[PDB]
């Protein structure tokens, strides 16, 4: 089923309104994290102790706390070519842009 995992998400810079300064790429594979954090929390989702205990509290009481959340736990940079006061400029490592790993938190 839809257990927590990384899934595809292509973002075109026109959607976010950044085509005003970004020249290239026109968009990028950003990925996203979707799905449920189900007990027992799988090791590959690197759950914290708090996420484990919150999940267990909620498992037997759905009106107390809530499920752990599927979120990015590791992000990767991309390169962007952009306009810096009208001068074409390249940043090789624009950090925090694409998901490489997901986890329950």
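Numbering follows the first chain given and starts at 1.
Stretches 17-25 and 93-101 differ in mean C-alpha B factor, with the higher average recorded for 17-25. Within the listed group 71, 65, 51, 37, the record reports its top CA B-factor for 65.
Among all modelled residues in this chain, the alpha-carbon of residue 59 has a temperature factor (C-alpha) in the middle third.
In this PDB entry, the Cα temperature factor of residue 81 sits in the middle third of its chain's modelled residues. Per-chain ranking of the deposited C-alpha B factor places residue 75 in the lowest third. Residue 30 sits in the lowest third of its chain by CA B factor, as recorded in the PDB entry.
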